[PDB]
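A lone chain, given as structure tokens: the form deposited in one PDB entry.
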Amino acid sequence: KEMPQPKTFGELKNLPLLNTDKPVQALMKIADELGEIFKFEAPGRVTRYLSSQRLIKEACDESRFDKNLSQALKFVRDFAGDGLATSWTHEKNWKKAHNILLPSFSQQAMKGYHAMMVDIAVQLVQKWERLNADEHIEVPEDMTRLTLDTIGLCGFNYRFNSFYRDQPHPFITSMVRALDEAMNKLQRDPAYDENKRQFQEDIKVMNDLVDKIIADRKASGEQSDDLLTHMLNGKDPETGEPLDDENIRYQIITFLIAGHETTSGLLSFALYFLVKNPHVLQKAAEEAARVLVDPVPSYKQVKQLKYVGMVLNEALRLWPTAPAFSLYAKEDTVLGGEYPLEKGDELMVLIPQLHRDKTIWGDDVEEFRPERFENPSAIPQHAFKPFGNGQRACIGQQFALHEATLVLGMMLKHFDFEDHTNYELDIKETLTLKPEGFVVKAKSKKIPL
């Protein structure tokens, strides 16, 4: 009945607890101490962090709870606009873009994106093939190069050419700097005036380039296999309307934001867990060699990388790279028979804690065992939520998993990996999670492309 709450700071309540550089991991430690639910109070804000499958399965009841914009999402909305990720379910542009974009994110739609994904994946393989001896790989850096270029090419036929660069494309510099400002706002004022002005400059950089590419595509009339063509030609079946040019811009910015570093973190965490578990790596490398019998992987071959898919799912279990989402109660309701909630009350789903619920996974929750996902019906309802819930779930799930399965499979086919530094896991936190400083050496198997 009475809900636990972590330590307070007078008038600031729990807010100073977020003024730390690893807030998700700090919230996980609080969940370890306080349990499946604790109240988090701040000036003008009350929310509740859920950590158990028992309560989260009720929170995922769409008749009782809808997606809420967290403070992070509200700050991201300042440059993601009413794109899919930062719009409310009741906003006209959400259901519109949802209906329009759903067919182009289907498993069937990945057949059309596969050739472009392979283009970038080959560039990653060739970079590592061309490294000199005793040089090493900066894993999250290269994974981010790959995912950024993949979404640029599949999103609107634009080549960031990240593998030709030390300093990222100017759009990426502004996007990354905007996301950093969004998170820093969470942890904060006269001194922040230059940050605020800088925020507007980065917003202008993103809008200008995306608007230009849309105008360029409209001026050309060319049809590509990218999401931009689908949005310029698609019509919402419900209202009969197409997305306007401003919303198309926000959707493109959204795909870059929501997709690039979540997916690059997944690949980085997956490789980290593989090199720390050599038996799992060997099993995944065995499948990659048996399945990828051609110089270039096909769409059908990527679907055959079953164990690689389980590896990615287990990496998402331990460290989901979009580590939380927010919900609000549509009406007065009681959560788990003992926590009354009023209409509008907010919830936070702490995904990494959910995925460590020993009542679901057993005692070995910290062990990396892809075999947990061998049979998907053995997993209880709402126990595994790395991509959100319901109609507000990740629209790019199939995109992210297809790219990550293709790239990891190619990595495992072409290289053996060495954890040459005995890397100590250090998780840097932005709005997403990544293993900072993770490095490996790759010895080529000398298999041609």
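Think of the rigid core as the biggest set of C-alphas that the two forms share within 1.5 Å after superposition. Only residues modelled in both forms are compared. We number the residues from 1 along the sequence you see.
Below, we refer to the form deposited in another entry, which is not included among the displayed structures.
The one residue among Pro168, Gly112, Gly336, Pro242 whose Cα position changes by 2 Å or more between the shown form and the other one, with the core held fixed by superposition, is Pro168.
Relative to the superposed rigid core, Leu179 undergoes a CA displacement of at least 2 Å between the shown form and the other one. Remark: 106-108, 167-188, 211-213 are the runs between the shown form and the other one in which three or more consecutive shared residues have Cα displacements of 2 Å or more on core superposition.
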